[PDB]
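Engineer: using only what follows, build the 3D model:
(chains A, B, C, D, E, F and G, ligands or ions: 6)
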Amino acid sequence: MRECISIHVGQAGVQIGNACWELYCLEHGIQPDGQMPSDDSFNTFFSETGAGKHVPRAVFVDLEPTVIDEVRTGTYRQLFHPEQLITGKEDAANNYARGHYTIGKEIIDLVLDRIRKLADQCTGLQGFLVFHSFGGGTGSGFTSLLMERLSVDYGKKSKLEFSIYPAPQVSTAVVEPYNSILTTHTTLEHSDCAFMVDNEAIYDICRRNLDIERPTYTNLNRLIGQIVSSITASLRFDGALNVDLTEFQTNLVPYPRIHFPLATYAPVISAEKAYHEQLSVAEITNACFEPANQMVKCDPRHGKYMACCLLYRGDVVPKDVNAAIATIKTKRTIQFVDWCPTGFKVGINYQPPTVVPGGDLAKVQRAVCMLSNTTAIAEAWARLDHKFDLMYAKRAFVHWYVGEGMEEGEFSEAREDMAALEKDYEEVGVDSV
Amino acid sequence: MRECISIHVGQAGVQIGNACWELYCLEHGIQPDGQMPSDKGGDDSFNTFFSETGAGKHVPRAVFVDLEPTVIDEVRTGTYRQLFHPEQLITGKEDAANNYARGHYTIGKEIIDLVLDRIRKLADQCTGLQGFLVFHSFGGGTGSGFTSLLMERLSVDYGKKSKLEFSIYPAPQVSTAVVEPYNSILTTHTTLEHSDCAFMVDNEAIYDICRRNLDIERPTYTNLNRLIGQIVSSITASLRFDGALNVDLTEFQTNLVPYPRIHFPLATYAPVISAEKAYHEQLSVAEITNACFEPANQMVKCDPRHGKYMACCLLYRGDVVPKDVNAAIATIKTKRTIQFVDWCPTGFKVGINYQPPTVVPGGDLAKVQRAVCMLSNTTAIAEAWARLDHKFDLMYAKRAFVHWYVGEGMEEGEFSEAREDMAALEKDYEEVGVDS
Amino acid sequence: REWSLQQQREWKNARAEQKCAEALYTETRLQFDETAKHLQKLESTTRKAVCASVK
Amino acid sequence: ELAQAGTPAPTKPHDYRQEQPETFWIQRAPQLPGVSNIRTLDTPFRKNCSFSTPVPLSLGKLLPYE
Amino acid sequence: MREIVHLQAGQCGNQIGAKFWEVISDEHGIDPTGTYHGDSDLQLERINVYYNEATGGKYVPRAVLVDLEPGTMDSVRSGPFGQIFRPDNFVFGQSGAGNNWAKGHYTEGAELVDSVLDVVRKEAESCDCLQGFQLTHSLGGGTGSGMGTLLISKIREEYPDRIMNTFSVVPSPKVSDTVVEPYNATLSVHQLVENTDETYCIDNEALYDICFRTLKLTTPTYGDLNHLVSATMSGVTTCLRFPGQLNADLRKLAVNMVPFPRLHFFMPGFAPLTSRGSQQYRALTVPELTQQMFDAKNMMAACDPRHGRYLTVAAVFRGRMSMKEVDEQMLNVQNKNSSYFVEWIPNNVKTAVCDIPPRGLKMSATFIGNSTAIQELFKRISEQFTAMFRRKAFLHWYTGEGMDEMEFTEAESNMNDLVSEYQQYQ
Amino acid sequence: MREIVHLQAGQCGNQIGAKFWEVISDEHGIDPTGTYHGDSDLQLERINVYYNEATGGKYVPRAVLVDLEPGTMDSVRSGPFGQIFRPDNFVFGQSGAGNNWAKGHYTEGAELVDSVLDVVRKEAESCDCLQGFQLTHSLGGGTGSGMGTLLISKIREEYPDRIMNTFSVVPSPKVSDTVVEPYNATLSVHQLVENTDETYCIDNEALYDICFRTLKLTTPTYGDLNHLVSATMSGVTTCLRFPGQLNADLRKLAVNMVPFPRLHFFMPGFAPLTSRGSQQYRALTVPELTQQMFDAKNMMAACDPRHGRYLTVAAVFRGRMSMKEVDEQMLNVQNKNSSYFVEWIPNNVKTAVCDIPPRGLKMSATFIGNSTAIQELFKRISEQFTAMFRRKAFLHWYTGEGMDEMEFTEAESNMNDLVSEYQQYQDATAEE
Amino acid sequence: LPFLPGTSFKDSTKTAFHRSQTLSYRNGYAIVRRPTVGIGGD
Ligand SMILES: Nc1nc2c(ncn2[C@@H]2O[C@H](COP(=O)(O)OP(=O)(O)OP(=O)(O)O)[C@@H](O)[C@H]2O)c(=O)[nH]1
Ligand SMILES: Nc1nc2c(ncn2[C@@H]2O[C@H](COP(=O)(O)OP(=O)(O)OP(=O)(O)O)[C@@H](O)[C@H]2O)c(=O)[nH]1
Ligand SMILES: Nc1nc2c(ncn2[C@@H]2O[C@H](COP(=O)(O)OP(=O)(O)O)[C@@H](O)[C@H]2O)c(=O)[nH]1
Ligand SMILES: Nc1nc2c(ncn2[C@@H]2O[C@H](COP(=O)(O)OP(=O)(O)O)[C@@H](O)[C@H]2O)c(=O)[nH]1
Ligand SMILES: [Mg+2]
Ligand SMILES: [Mg+2]
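Structural biologist: Numbering: from 1, shown residues only, chains lettered A, B, ... in the order given. Ligands and ions are numbered 1, 2, ... in the order given. Pasting the structure now:
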């Protein structure tokens, strides 16, 4: 009955969708042909067919055919429904105005039609999960009016938001700050919870931890898929202490303008280094608090932990969870706000994480995924504001936005809006009077 | 005992008749020779369409009327040469050639007597007549003109018999002629006063359906007429086969037509899917009943979200149960997109038939478990009529093509009178649609 | 499952037959083009021979 | 990688254009309200009007339960 | 059942007429002897349209050959297909017209209409239901333009409610194969505007253009030009003798082409014509036909449609094809080009589809276009008629045969009014 | 679904594109006859970008060859890969231009544009969703510079919202293969700056220096030079027709390299060019590709970036490789030479990765740089133009064929305005 | 070879183009003779 709808937008969204759905198929024991070789744990993600087949509850959206056609002629060509893969003809090409105004309006109708069909099939819908990237043109622009239309069409449905943030140092474009600033109204007003990750941090994690000297986007998207599976495994699988999509929003979002957590995973270690290591519950929950294992290039010792949500999988005991929390709470290194004396939410699940063939992680007995809401995000936003205002001083690249439909006042109002959003975090995290 | 007479007028009528009668013969198990191999009585389901000779042959109750021989001779030479009666294929010598005047006043009066004689013979053979089904097209000369005085004579001859009308309307943007608005205005009297229930379809919407549903990149008239035959079969299957709650012709006319001036439903069929997409979809009742309400699946180029639903008739065939029917109708009634009028609180009529639809070999559709056909009476047809009144006024502003119509026998008053009739019929729909 | 499999197998067979017919048409076209080129060459040679005889 | 099992084998012969799909109705055909006399081996859901036709205008036909 | 009687006038009518009957005798599988040698049984379904049945399975054409001198009739009879014509259908005098309209209309051609209408009345009443007539002539001569307009006004008084087609070869702007060409061309157009239902303007300059830049022929003799004309005469009536998905006869195209009775001058075209080198560089699709069909280099008349507005347009396709792709292309050309089409007629283009393509070819199309830019043809003749007439050149060859001089001023004012009917619709 | 229509202007354009079509025909597996003889199902996935379908499995290029002297047309048609082009795509005039921009633009090149725009429209509405137009020409001739700019100014008015790429062989600083080449170059650039979306400057000095010092060849004929230019031309448009992890089209490169509409002049480079002697003495790595791309020697223009500031940089990589090392190496080269980049733009470099390398090769890369070192070329051409124009050299040829004297002065004014804009954007500071 | 607008060929090595007279007048009657000979005497 409980089920989620995945919406993947852009090339990054489609690649993360591939790496997530391979993990889901292997987790529920479904062949690439779609048939189970043979219990309704698949019903959160897969839907039954009149031919005995399981079809995913996902919508892949893109403005170019080059990346969707690899899915269409790949290994999973039989699994996906042929009408769940929506493609345009010309991409937005690192432009917010192209993706929002001129090119998105031809496929917004088809995307909303397929979303309506899936939500009509949903007997009870937990929510939508949106996988997208800020830097790209489609993910920057089309996703904005996608969520804008979804907010009008659906009142109080959950809309979780897995987004790719630009890295502080490396980048794949030049107009990345322009495309990342203008989405901070959609991800502010028309989003319920928004986890942000950036690729340089995951590069550091895969280099230092998994002993891979040359990671690729597959080696990053597999970790992202592991995080999403550990989030949704409480819905999918029975456990000692279940947690729900509404539940961690309730226990982690204290104000409607503060919905930007940090997602960390542990343990991320190789098969050779897992052979000598005794991974206890304390030994896997201590690595989530370390700044070297964060998945955003930010340091939470500059900030204040506002809320925490822990999700444990496997041979895990609530006694040892409580002991590990007690050992965590006595560190002066980790600081909690005064207005939250009990800051933790705990979820416990029985089924251990599943290992993939050809992957980089090891077969483990227990694991943990942490969603921590802190005040160490204003530095990540100001480090991009330096770049955005430095670019916007000389009106560089701005005719490429003005001539395609949008006025120039949108730049100033988006900068002022997200500046007010930056300012609000300081009075949220300041000590009480 | 229950019987219907098929009257196919024009080239479009003859081709739709071919595609319909292939389906009927294959559904009832009748060979192209005309004999059933399965005689191992006890079966009466063919008596609606086939009359049985004591030699073992089954002859259809259809009349193929045409003013040219080039398409009737294809029927007389092809596979079904031995099935049809020799005298049920009425053909002329010179066609009307896109002229309402030629089809109505000069050429049609030569063969109208033969057509009425064969119609009299068929209706005398019929022991109880449900009605006539007239298959024709608005654009063409014969379908525009000969059908008008054929129905004028049929209204005089037969008083209260139902005359259902499957008409091909001109498409709003594409077309195959240029005097087509001139012919399509002048039949708005004979489809208003001398018809009991008129289903209008146009080719552009069926092209769109066969493009985005069946994945045929290059559809043809055979692919369109197969879908039209599926619609007529789903209408008549309640008469032909055993069902849980049967619906008769007079019954859904009563439950669809609220005023005598308003008898223009819209017909939709679901599911129209290909065999490659029948592998990835379950065709449940609640999902086949939502495809009928989608404006993209309509068979007229009109959007019913602009108008108000006045009545609906749904016909389910196959593995369908009343519990799922009621649950699906309850789901439909709660949407704010679909709007009903205030004076029709119970806006649905429901019929259920046991036997699932059949498939033709080499066809386009898939072998499905269940299906649904919807006849919805709404208000969003006035836009489709105004989109062609614009073209008629644009042409008639400076009297183009008028001498062709005047010289064959009418006067010039019929253009203005037919335009006034269409204007009144358009005003009536908005007067009905305005709420209280 | 069985019905959908049989239907798409028959559709595949029909498409293969159509492809074979189109291949036969293209081969006959190529043969006609070769014959036309040979005939043009022959006509040009005969014209040059006639002019040489006149001179 | 690894081995994937093929499509499941059919237990009974299947051929479209001839075979009637199962319904609740065709499983319980002699026990339903609204089903007429069953004399056709192809489908039990074809109309038999032997009883309803009047004594005049009736050919030689077999009445139900006789 | 729907018969077509062919009338051939002049030496231009006889050389085009002899090549026409060579074309459709190969479509129907008729040998030079006259019998039937074919592979399909559909070729004899509608063969009574053009041929008369004789004894022993022999088919003879329903064509009458009219000329005032047997100089060209001898060359036709000595050709390959010169044995099929009935020997009683040859009508001939013994004195030529001399490229004079007065001799061919009043003096020498007035005796010869006694014998033609005995032959026309013999062939027309032998039919079951006559569709209409057909003429092939030239407006720059003495027999085609002189007597060929005397036959039109005599068979239209006898048969008023029929279809009269003309395949008239108008004079060319720079060719000028006759010194007295505009006198015969102006006095004949004045007779065509009142007595003809459809008229197809063919120019020998445009047939030179196609054989140079499209067909790439080094030596384009008149055998190839009379093939291009005869591939259009058989494409118009191909729905009369072959089945199709959507078919249109001679009358159905005239209803949908002519909005006002004076405007019946068309411009023909044929579509799949390709050079021998570029045979392998081209793909056969319906957009390939529709692109070449509307090409301004492909018209058979020396009038450019870019200088005018398309009033009505027709296309008669041949071959098995999809009705969506036919109806999509005719919409696509109308939406982009909103300046070359009139605004008070929506959907100018009419479409017809036949099923039997010509032998050895996969698809075909014939183009008939009524355009405003045909006034270019009547305005360059009216400037040459008035140039000669004010100095009264060459009148003694015309006025000396009894013709009044006010007939010349009436032929100006009927043709100077005709170019003013066309201007107001541009 | 994104077609590129190819335009060839002049003898130089005909030679360069006649090598270019051979190179990408070998890349997509096309025989000299025209059919497909390859060993992959990936080569026909995106072949409609450059080839139109024909009958019997043939593909014909979407290119047109425009010239006024049919000798180069005969040379192209008699070549090895000359039987692939459709015979109607050769548009040849009857009288030459004779190295005269006035003859190219007004007298003889004003009658050919009717036929050329007819053929361009026939090949333009034949596409489904046309991406844009490409031109190859030289600014030192009479047909490529004289009438190619007229063709640009006509087709851009016909199709406003499309993309226009140009590969221009701008004049050499030391060769001077024509006396009036600064006249032609100035009067062509004055049109290009307004009517071109992307311009790529190609220099025979740079090509000779690369083919002598890098490849170590004794006889550098124009075949090798056209091979180098065509390798750059193929490497620019690789992500359209081959799938990759991070795609990039011509529109995206224009977006990320053109900050202002008058600044659209680029310098190109190619990466792995090594000699027969040094082929075995080198390992193929991303540092060895980035070093050779960003070496100032390997530029395909005779301008040195040590005198200027890189406004924007684009890199297109080919081959199975690691995103980590790609981003690491280009961040490192951005960080090291910190004085050769502007300060008012962060992350000056755009990166793209395509999966499929060229034939016989494992990894490769292409560099496209927008810098201020291109104003050196404009300053040199302007100083030679004003060197002749005070003494009124060669001016009767241009004046007697329909040109006023104010055309040259306004060309000088526009060129000087462009170089002053480039200078101010070089000398601009962060504080304002 | 198919019968087409461009596929026609003619014999070049023909030298006699004499036109014979099959249509003439005898007494007062227009007579038509059987063409026993072609163009040039062949
Ligand atoms: N984490 C992660 N990020 C990716 C991946 N693939 C692409 N990206 C991000 O995507 C951004 C560029 O946009 P793309 O996804 O390539 O393309 P797009 O989002 O559809 O935008 P357009 O190219 O304009 O259509 C880069 O900044 C990358 O960070 C991936 O596999 N994993
Ligand atoms: N849906 C459908 N429409 C058809 C078909 N055949 C013809 N039509 C329609 O018929 C119209 C043209 O008139 P026709 O029916 O062909 O000819 P007609 O009614 O006999 O009139 P005349 O030709 O003058 O005798 C076109 O607009 C077509 O839309 C068909 O097979 N299917
Ligand atoms: N298309 C075509 N035109 C021809 C042919 N023969 C002659 N003409 C044209 O007809 C015009 C003169 O015709 P003419 O001989 O005076 O006709 P006549 O007086 O009726 O015999 C000239 O301009 C020729 O170009 C032919 O076989 N085909
Ligand atoms: N890179 C390159 N340059 C060439 C080639 N052929 C000619 N050029 C240059 O083009 C210039 C002459 O161009 P030209 O032939 O007059 O151009 P056109 O007048 O438009 O035909 C000379 O400076 C040559 O250096 C070639 O194949 N490659
Ligand atoms: Mg994209
Ligand atoms: Mg008809």
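Engineer: can we go C-alpha only for contacts and neighbour counts from here?
Structural biologist: Will do.
Engineer: was I right to think residue G:5 contacts residue E:227?
Structural biologist: Yes: the criterion here is C-alpha atoms under 8 Å, and residue G:5 meets it with residue E:227 at 5.5 Å.
Engineer: give the closest residue to the most centrally placed residue in chain D in space, chain neighbours not counted.
Structural biologist: Nearest residue to the geometric centre of chain D (C-alpha atoms, centre = their mean): residue D:43, 2.6 Å. When the adjacent residues along the chain are set aside, residue D:43 lies closest to residue D:20, with 7.8 Å between them (C-alpha to C-alpha, 6 or more residues apart in numbering or on different chains).
Engineer: helices along chain C, start to end?
Structural biologist: C:2-54 (DSSP state H).
Engineer: then the stretch 251-400 of chain A?
Structural biologist: A:281-285, A:318-329, A:378-392, A:399-402 (DSSP state H, counting those that start in this stretch).
Engineer: got the residues of chain G near chain C?
Structural biologist: G:1, G:7, G:12, G:13 (C-alpha under 8 Å from any C-alpha of the partner chain).
Engineer: out of these, which are inside helices?
Structural biologist: Those of the residues of chain G next to chain C lying in helices (DSSP H): none at all.
Engineer: tell me the centre residue of chain A?
Structural biologist: Centre-most residue of chain A, counting by C-alpha atoms, centre = their mean: residue A:162, 2.1 Å.
Engineer: that one and residue A:194 touch, don't they?
Structural biologist: Yes: Residue A:162 is within contact range of residue A:194, at 6.1 Å (criterion: C-alpha under 8 Å).
Engineer: how many neighbours does residue E:403 have?
Structural biologist: 15 (other C-alpha atoms under 10 Å in any protein chain shown).
Engineer: and the closest residue to it other than its chain neighbours, how far is that from residue E:187?
Structural biologist: Among residues not flanking residue E:403 along the chain, residue E:102 sits closest, at 7.0 Å (C-alpha to C-alpha, 6+ apart). Distance, residue E:102 to residue E:187, using C-alpha to C-alpha, to the nearest Å: 10 Å.
Engineer: now do residue D:56
Structural biologist: In terms of C-alpha to C-alpha, residue D:56 sits 81 Å off from residue E:187.
Engineer: with neighbour numbers in mind, choose between the two.
Structural biologist: residue E:187 (25 against 6).
Engineer: for the more buried one, give me its contacts.
Structural biologist: Contact analysis of residue E:187 by C-alpha atoms under 8 Å, 6 or more residues apart in numbering or on different chains lists E:101, E:408, E:411.
Engineer: can you count the residues close to the last one?
Structural biologist: When you say that, I think you mean residue E:411. Residue E:411: 20 neighbours (other C-alpha under 10 Å).
Engineer: correct me, but it touches residue E:186?
Structural biologist: Yes: Residue E:411 lies in contact with residue E:186 (C-alpha under 8 Å); the separation is 6.5 Å.
Engineer: so residue E:60 bridges to which residues?
Structural biologist: On the basis of DSSP bridges, residue E:60 is bridged to residue E:52.
Engineer: check contacts around it.
Structural biologist: E:34, E:51, E:52, E:53, E:54, E:84, E:85, E:86.
Engineer: just the buried residues from those residues, in PyMOL please.
Structural biologist: In PyMOL, this line selects whichever of those come out buried by 16 or more other C-alpha atoms under 10 Å in any protein chain shown:
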select buried, chain E and resi 34+51+52+84+85
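Engineer: ok, the closest residue to residue A:324 other than its chain neighbours - contacts?
Structural biologist: Ranked by C-alpha to C-alpha, 6+ apart and with sequence neighbours excluded, the top spatial neighbour of residue A:324 is residue A:282, at 5.1 Å. Contacts for residue A:282 (C-alpha under 8 Å, 6+ apart) come out as A:320, A:321, A:324.
Engineer: distance check, residue A:282 against residue A:378.
Structural biologist: Between residue A:282 and residue A:378 the distance is 30 Å, computed by C-alpha to C-alpha.
Engineer: OK, contacts around the closest residue to chain F within chain E?
Structural biologist: Residue nearest to chain F within chain E: residue E:283 (4.3 Å; C-alpha to the nearest C-alpha). Counting by C-alpha under 8 Å, 6+ apart, residue E:283 touches F:53, F:54, F:55.
Engineer: do a quick rundown of the strands in the chain.
Structural biologist: You didn't say which chain, so I picked chain A. Using DSSP state E, the strands of chain A run over A:2-9, A:46-48, A:54-56, A:58-62, A:85-87, A:124-133, A:158-164, A:193-197, A:262-266, A:305-314, A:344-349, A:366-374.
Engineer: the intended chain is chain G.
Structural biologist: Applying DSSP E to chain G gives strands spanning G:23-26, G:29-32.
Engineer: enumerate the residues of chain C near chain F.
Structural biologist: For chain C, the contact set with chain F under C-alpha under 8 Å from any C-alpha comprises C:23, C:26.
Engineer: and for the residue of chain D found nearest chain G, the neighbour number?
Structural biologist: Chain G sits closest to residue D:17 of chain D, with a gap of 43.7 Å, by C-alpha to the nearest C-alpha. Neighbours of residue D:17 under the rule other C-alpha under 10 Å: 13.
Engineer: ok, residue 29 - how many residues close by?
Structural biologist: Because you didn't say which chain, this covers chain A. Around residue A:29 there are 15 residues (other C-alpha under 10 Å).
Engineer: let's do chain G instead
Structural biologist: Neighbour count of residue G:29, defined by other C-alpha under 10 Å: 8.
Engineer: same check on the one 3 residues further on?
Structural biologist: Around residue G:32 there are 14 other residues, counting by other C-alpha under 10 Å.
Engineer: residue E:297 too?
Structural biologist: Neighbours of residue E:297 under the rule other C-alpha under 10 Å: 18.
Engineer: also residue C:39?
Structural biologist: Quick note: residue C:39 (other C-alpha under 10 Å) scores 12 neighbours.
Engineer: that one and residue F:150, how far apart?
Structural biologist: 44 Å.
Engineer: quick one on the thing from earlier: tell me which of the contacts of residue E:187 is nearest to residue D:8?
Structural biologist: residue E:411 (87.3 Å; C-alpha to C-alpha).
Engineer: show the contacting residues for the closest one.
Structural biologist: Here residue E:411 is in contact with E:186, E:187, E:190 (C-alpha under 8 Å, 6+ apart).
Engineer: just to check, residue E:371 is in contact with residue E:306?
Structural biologist: No: with contact defined as C-alpha under 8 Å, residue E:371 and residue E:306 do not form a contacting pair (9.8 Å).
Engineer: and the two? Which one has more around it.
Structural biologist: residue E:371 (29 against 13).
Engineer: let me know how buried residue A:126 is, in neighbour terms.
Structural biologist: By the criterion of other C-alpha under 10 Å, residue A:126 has 20 neighbours.
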